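Quick heads-up: the structure tokens below are two forms of one chain, split into structure 1 and structure 2.
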Structure 1
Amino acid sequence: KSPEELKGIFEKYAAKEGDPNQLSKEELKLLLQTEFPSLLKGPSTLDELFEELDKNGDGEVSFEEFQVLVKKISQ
């Protein structure tokens, strides 16, 4: 899908709790299993995907941080 469509998906989830703008490990899990099931059933564990994605270490994944995965998503 288009970039605007991914932001859309990102968005429904980031808002379920905490910062309505960023993903929590729970919200990322939720996103991943409903929308992209094989991202999370690869070599990394959700926990390990979370570490990779959280660049700062603020416990949230922003949309910009989320861009990494997109390559696999779009793939």
Structure 2
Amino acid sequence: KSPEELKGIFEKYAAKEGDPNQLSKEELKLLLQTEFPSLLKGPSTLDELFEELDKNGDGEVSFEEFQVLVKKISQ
């Protein structure tokens, strides 16, 4: 999906609670589940990518961190 499309999806789920410009891990699990179900198959690398991308260690990722995450978990 295009970054424009990706931004709309990101915003939709981040809006659920907390900072509207951040996605927590549970918000990201719901988003993947309904938006990219195929990315939640087989052994997951979600926690490893999440741990590495949440640089500030606040349990949340920004839009650019989410983009990299979708990119990487895909290959």
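Only the largest set of C-alpha atoms that superpose within 1.5 Å between the two forms is called the rigid core. All residue numbers here refer to structure 1's sequence, counted from 1.
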{"query": "After fitting the core, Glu35 CA displacement of 2 Å or more between structures 1 and 2", "finding": "no"}
{"query": "Per-residue CA shift, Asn56 (Å; core superposed between structures 1 and 2)", "finding": "2.3"}
{"query": "Core-aligned Cα shift of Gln67 between structures 1 and 2, given in Å", "finding": "1.9"}
{"query": "Per-residue C-alpha deviation between structures 1 and 2 [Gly8; rigid core superposition; Å]", "finding": "0.4"}
